[PDB]
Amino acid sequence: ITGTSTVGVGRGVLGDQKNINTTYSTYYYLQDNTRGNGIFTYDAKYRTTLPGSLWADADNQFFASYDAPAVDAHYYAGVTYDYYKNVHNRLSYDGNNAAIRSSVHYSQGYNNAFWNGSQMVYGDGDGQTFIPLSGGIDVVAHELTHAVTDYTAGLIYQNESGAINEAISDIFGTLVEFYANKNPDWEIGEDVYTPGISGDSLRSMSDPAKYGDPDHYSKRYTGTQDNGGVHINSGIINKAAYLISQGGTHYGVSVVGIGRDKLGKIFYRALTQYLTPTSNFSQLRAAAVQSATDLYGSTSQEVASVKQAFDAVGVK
């Protein structure tokens, strides 16, 4: 909408107070004009019609329980935009400052979040498996990263290419979580998953097998559920990325860690310059090796560590 940029205040899903960029024209709308061509947050009103209504508020204060998922979807989209711009010189998901749209309160008791080809969408959860999913910064950045992938490598959402697509979203979701630097970890979704169980998460990148996901190519899922295991076999790539950054010895193979920032540079370059819609795990290894060669040189530790990490997870 046309209006003037304003700054509201509210509380997110976890009860934390934050300022949000809004737009005033009769109402205060969840429309942040400070980033690209805007970040816009919508109310789906417990239905499945999308996007729903641009979020309108009478007083620019967002402390109601119903407001909390919207506050976080809006704010964490801003953090994610900032990460891509400041760290990778990428302007929004398309590289040309496309408007970023999110809807919250999607459906009833909906235990998921998604990118629908055009926007991000967040369920509220059922209060048992999830609380409102925009409360997880890694979740928000995971969804927005699906948009980045759509506009870059375009990895098809099935089998190995789809597991790479998933892992890219988990990797950058985690790097955004570290960028914001609030309780960062290598787990996925811990802030919104299972409110009645402490210390768990939807997935782990540091130890995927803690939740039955594979951590070695010899343990990959080959069936048809989950689009050929896209959320399962992502553990093999997530583990490789974790090893590149943090190091470790895994199935007897030692990896010298090179840190999160270099992991992010290598995988961002692979995603944007080398991966294609049909890339498989072996092709991802080659793309990561070439990316690290471009950035650091063929004789570098960074290239050696990429090779060690893929060796450790059984990907040649």
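Residues carry their position along the shown sequence, with the first being 1.
Once the C-alpha B-factors are averaged per stretch, 295 to 303 and 19 to 27 rank with 295 to 303 first. Between 208 to 216 and 133 to 141, the higher mean Cα B-factor belongs to 208 to 216. Taking the deposited Cα B-factors for 278, 53, 60, 33, the highest one is held by 278. Across 225, 161, 238, 169, the greatest Cα temperature factor reported in the deposited entry is at 225. Placement of the Cα temperature factor of residue 91 within the chain: middle third of the modelled residues, per the deposited record.
When the CA B factors of the chain's modelled residues are split into thirds, the value for residue 274 lands in the highest one. When the CA B factors of the chain's modelled residues are split into thirds, the value for residue 37 lands in the middle one. Ranked by C-alpha B-factor against the other modelled residues of its chain, residue 47 falls in the middle third. When the modelled residues of the chain are ordered by C-alpha B-factor, residue 4 sits in the middle third.
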